[PDB]
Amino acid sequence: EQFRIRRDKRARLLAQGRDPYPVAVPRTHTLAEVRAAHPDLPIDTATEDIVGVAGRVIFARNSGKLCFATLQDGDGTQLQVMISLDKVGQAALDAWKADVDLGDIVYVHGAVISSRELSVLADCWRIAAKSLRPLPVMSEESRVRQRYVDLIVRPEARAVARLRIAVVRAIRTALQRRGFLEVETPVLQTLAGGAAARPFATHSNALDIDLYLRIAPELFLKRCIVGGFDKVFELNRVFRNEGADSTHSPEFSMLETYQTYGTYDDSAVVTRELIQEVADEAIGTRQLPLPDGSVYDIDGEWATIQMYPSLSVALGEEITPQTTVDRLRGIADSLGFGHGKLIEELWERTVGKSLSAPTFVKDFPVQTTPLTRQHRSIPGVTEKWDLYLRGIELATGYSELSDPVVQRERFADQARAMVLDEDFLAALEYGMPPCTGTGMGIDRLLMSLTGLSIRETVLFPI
């Protein structure tokens, strides 16, 4: 109902030649600037620094000759204003009382004082924007459908938003320091490769064909390696047309990273440093406070284990690349399609879930890692690692497969379970230097670091 009373104040403001949505108000300072400016003012004293401030009125308290309000700047910083009859008022004071509702953006020019709390006493004031909706005084799913309100009302929403931003910047900063070049590769592709997922498809009017939103940048990033990029990354959305859960969303921001003349051993080190550097820059500790109340320590060195041996220890018997699917099925049964899949699942069900401290698992089944080079010495496994951090499957790195003939096979096997990515394969046949790539999810990153859900870490999900 207050919807309608607010709409009428708009109408009657227009009519009176007051401007409720003016083009310009001469804001001299953010409220934060005024605070940092007057840190320790003798309380109940005036100073002749005149400012023009603007802010959301989130608290009113009217009292005849004198009205107080809390201006909250968009970052959360607060300044109190005092609308007084004696300063420049009467009609001003009336208009204040009549015109100014909660959630209204307001500008006030005046002197900076402290009251019997840091305030601005007003010479001038003006509405900067009239709200036709009061703030609520929130369920998780209304906070997310209306992030703009969440951000106005809930400090933590403000902090998380800025945290993601700072994390993302930390990442770019870390990679740039190391000489990585950030490239833009295509989102719309004639066929979407680089990972295991069902694509989003869209019809192009230009070309009268379907195109596919990228599931991952790998294959184009690999083209950049062919083309002589020494060190490239890309930090941007990918689209996997599948179901949503606590670690999975159909649209999400992902980092991929490619470095010539290093292996999975090298990118493991960088990934660790990168994450640690992000924590330091964006969180300021490696002793990560959780909503739990607990503390997760990501400092120091991180353990590396091998999938097959670690699984072997867990299961009480030697599991190798040679172990049959009939054997693995049986073990699987005893607990409650193919070899590679069974190993990963058994590993995930036994070793995976038990990991607390940050851990790399390396040396993966060849069948489930089409894009990663075969191990330099161990038969039947690929040089891939996964990083688990706080129990979250965070990141992966590969010693990348550059052999076009092997690579054509790996894809043929895939397809039989038949048009391949011929251009990708062509690029490889021009020669790709030995190189190691990583992938890492930003939401999972933030999750692993903070305890926040995926639906808190993106500004505008659905």
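Don't overthink the numbering: it's just position in the shown sequence, from 1. For clarity, a rigid core is taken as the largest C-alpha set superposing within 1.5 Å between two forms.
What stretch shows more C-alpha movement in 6 other deposited structures of this protein relative to this form, 247 to 255 or 301 to 309, after the core is superposed?
Checking 247 to 255 against 301 to 309 in 6 other deposited structures of this protein, I find the farther stretch is 247 to 255.
Fit on the core, then compare CA atoms: does 388 to 396 or 86 to 94 lie farther from this form in 6 other deposited structures of this protein?
After the core superposition, the stretch with higher RMS deviation in 6 other deposited structures of this protein is 86 to 94.
Relative to the other PDB entries of this protein in the set, is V137 coordinate-less in at least a third?
Yes; at least one third of the other entries leave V137 out.
Within the set of other compared PDB entries, does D150 lack a model in a third or more?
In all of the other entries, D150 has coordinates.
Just how many deposited residues go unmodelled from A417 to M418: none, 1 to 3, 4 to 9, or 10 or more?
Gap between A417 and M418: 4 to 9 unmodelled residues.
Check the entry's C-alpha temperature factors for 138 to 146 and 300 to 308, then say which stretch has the higher mean.
Stretch with the greater average CA B-factor: 138 to 146.
When the C-alpha temperature factors are averaged for each of 237 to 245 and 165 to 173, which stretch ends up with the higher value in the entry?
Here the higher of the two C-alpha B-factor means belongs to 237 to 245.
In terms of recorded Cα temperature factor, pick the maximum from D292, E318, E277, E256.
Of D292, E318, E277, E256, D292 has the highest C-alpha B-factor.
Taking the Cα B-factors listed in the entry, which of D208, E182, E218, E281 comes out highest?
The record points to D208.
Grab the CA temperature factor for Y398 from the record and place it in the lowest, middle or highest third of its chain.
Its C-alpha B-factor belongs to the lowest third of this chain's values.
State the tercile, meaning the lowest, middle or highest third, of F364 with respect to the CA B-factors recorded for its chain.
According to the entry, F364 has a C-alpha B-factor in the chain's lowest third.
Hey, what third does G441 fall into on Cα B-factor, ranked over its chain?
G441: CA B-factor falls in the lowest third of its chain.
Which third, lowest, middle or highest, does the CA B-factor of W347 fall in along this chain?
As the PDB entry reports it, the C-alpha B-factor of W347 lands in the lowest third of its chain.
Test of reading the entry: by CA B factor among the chain's modelled residues, which third contains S267?
Answer is lowest: the recorded C-alpha B-factor places it there.
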